[PDB]
Every structure is written in C-alpha cells, then in structure tokens.
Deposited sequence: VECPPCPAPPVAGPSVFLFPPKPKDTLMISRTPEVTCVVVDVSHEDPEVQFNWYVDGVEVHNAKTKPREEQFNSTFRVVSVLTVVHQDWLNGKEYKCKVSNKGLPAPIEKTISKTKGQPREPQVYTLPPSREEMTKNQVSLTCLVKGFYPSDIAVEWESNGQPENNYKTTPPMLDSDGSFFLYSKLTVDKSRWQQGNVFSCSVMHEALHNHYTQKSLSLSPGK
C-alpha cells in the first residue's frame, strides 16, 4: 500500500520554504520528474505491529507550480504520479471583518478574514500584529462556492482588551493566482 503526498501549499508559494513530495509505504525508490529520472530523494531507513518506509523528494517551486509531474516508483512495482491541482487560476478576494458588537460581552473576540473566489483550492492563510505572528487562529478548509470557485474563513481569537486598545491585526493570504503570490488585509477598531 503506497500513498503519495503533495507539498504543503505554503511551501510552494514561499521561496524561503522547502516544498517536498512524500512517498509513504504502509525497497528501491526511483523518482521521476516528467519522465526524466532524478537522484535527489532522501529515503530514511525503514522504521506499532507493522513496517513503514519513507522517501522524500525536494521540488523546485516553479516546476511544481508550472505543473511538472512527480513519479514515485516503489520497486510488480507500484508506480505513482502526482502534480499540482489542475484548474484555471482565479484570484482570491480578501476581506477583514471586525467582531460583532454582541461579542464584546465576552473575554475574547473573533477577528474574521473572508477569502473568496479563488481557484484552485491550494491556499495558505496567516495572521500577524506588531511585526510578530498571531497564531491563535483556526482556518476552515476551502469550500466550493455556487460559482465553482472556493471560499474559506479564518478566525483569529484575540483578548478583547487587545482589540479595544486599537491594535492592528493583519490577515496574510498566499495563493498562486495572487500578484507575487501574496496579499494582506488589516483590521482594527474603528
């Protein structure tokens, strides 16, 4: 039983990150990029009541994003192929939404980042404030909208005082269809 995993969307969209294709078994590994075999992989030695072998292949950001195919050959040998999710790009629209008046009775409040109209669904979202990450968020998986694009929401939970004091919070979105693969929107008390 072989399972081939794609890079995380954020890794492909940030040059500083290292996108990887993972070939998981639950052994000779042969890796192919558009048919052409490559010797780049890092196979770790075979580590409950069963065995597991893992090979990891580092990919070039642009190659992954331009749709090159990545073939893991677990050596009848099981051969598998992966590449970027297909579809014509649609640029995300990003909107920040303050907490409801009625949430102000609570100790913590909800800062909302709506991301809609994007295609395909490979996307990353982060928050920051004052030059540091704000990690107390949950982001919904992308969901198919009625027009065939995706949407999601990210919810940053923040101490109510931090919001009342006027701190500016920022929702950062990364997607292949954005200019520079990045955009940001900010939100503060108004």
field: Deposited positions without coordinates, collected into consecutive stretches in sequence order
entry: 1-14, 41-48, 70-72, 101-105, 221-223
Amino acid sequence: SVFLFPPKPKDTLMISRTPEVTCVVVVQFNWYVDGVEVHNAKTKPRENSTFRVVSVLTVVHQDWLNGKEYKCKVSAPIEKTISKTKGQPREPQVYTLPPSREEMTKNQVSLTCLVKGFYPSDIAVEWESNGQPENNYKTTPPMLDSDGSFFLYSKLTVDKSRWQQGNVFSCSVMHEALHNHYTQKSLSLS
From here on, numbers count along this sequence of modelled residues.
field: Given 98-106 and 111-119, the range whose Cα B-factors average higher in the PDB entry
entry: 98-106
- prompt: According to the deposited model, is the average Cα temperature factor higher in 143-151 or in 37-45?
  reply: 37-45
- line: Reading the B-factor column for Cα atoms of 85, 93, 88, 75, the highest value belongs to 75
- prompt: Quick one: which of 163, 64, 137, 51 has the biggest Cα B-factor according to the entry?
  reply: 51
message: Can you tell me whether residue 172 has a C-alpha B-factor in the lowest, middle or highest third compared with the other modelled residues of the same chain?
response: lowest
statement: Of the three thirds of Cα B-factor ranks in this chain, residue 129 occupies the lowest
task: Relative to the other modelled residues of the same chain, rank the CA B-factor of residue 178 and answer lowest, middle or highest third.
output: lowest
- request: Could you look up the Cα B-factor of residue 59 in the entry and say which third of the chain it sits in: lowest, middle or highest?
  value: middle
query: In terms of the chain's CA B-factor thirds, is residue 184 lowest, middle or highest?
result: lowest
